[PDB]
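>>> experimental coordinates for this protein are included below, preceded by the sequence.
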Amino acid sequence: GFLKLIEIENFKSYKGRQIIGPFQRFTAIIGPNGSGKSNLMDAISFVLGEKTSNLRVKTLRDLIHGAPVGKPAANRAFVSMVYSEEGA
DNA sequence: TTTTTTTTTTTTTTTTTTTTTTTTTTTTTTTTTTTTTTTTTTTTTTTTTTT
Ligand SMILES: Nc1ncnc2c1ncn2[C@@H]1O[C@H](COP(=O)(O)OP(=O)(O)NP(=O)(O)O)[C@@H](O)[C@H]1O
């Protein structure tokens, strides 16, 4: 199979629920500086698992959107992909 | 004009100092080990809350 698309919620400067579009065979993630694009990869490394120290943030509580600034939004987060393999 | 006297420059000798080079010794930062402590994370029971 391959990596179809993912799903974000409140994790690291992505407020609300929005669906990352379907991925073609070979895509790219462009954007100007400081826009916050590395954090999608951070999300990918968090669904598939990576020790927290490698996630360039201490304590795992400033993960929620807006916490490193000083004001959280909720007490949840939800990141999720949808793997699509042969067999329908 | 020639002879006699003075002074400056050039060059060699020497002596003291400086530099160099190696060698041997020493003592120091560097590198590795072990420990071990902290802190973050985890769990599980307790507590709180909801139907
Ligand atoms: N949970 C959060 N909520 C809101 N903002 C955040 C959060 N975490 C980090 N940020 C900020 O949002 C930005 C995201 O940083 P980061 O994801 O590293 O961006 P980037 O993708 O590396 N930028 P760039 O390479 O220049 O395109 C930075 O300014 C962070 O300080």
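Nice, I can see it. Residues are numbered from 1 along each chain as shown, chains lettered A, B, ... in the order given.
>>> roughly how far is the longest strand belonging to chain A from the heart of the chain?
When chain A is scanned for its longest strand (criterion: DSSP state E), the result is strand A:2-9. Centroid displacement of strand A:2-9 relative to its chain, using C-alpha atoms, centre = their mean, to the nearest Å, is 9 Å.
>>> name the next helix or strand following it along the chain.
As assigned by DSSP states H and E, the chain's next helix or strand after strand A:2-9 is strand A:17-19.
>>> can you list the strands that that following strand pairs with?
strand A:2-9 (antiparallel) (DSSP bridges).
>>> and the longest strand of chain A, which residues are buried?
Within strand A:2-9, the residues scored as buried using 16 or more other C-beta atoms under 10 Å are A:6, A:8, A:9. To be clear about C-beta, it is placed using only N, CA and C from the backbone, and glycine gets the same treatment.
>>> now stretch A:36-50
A:39, A:40, A:42, A:43, A:46.
>>> nearest to DNA strand B among the buried residues of strand A:2-9?
Taking C-beta to the nearest atom of the strand as the measure, DNA strand B sits nearest to residue A:9 out of the buried residues of strand A:2-9, at 19.0 Å.
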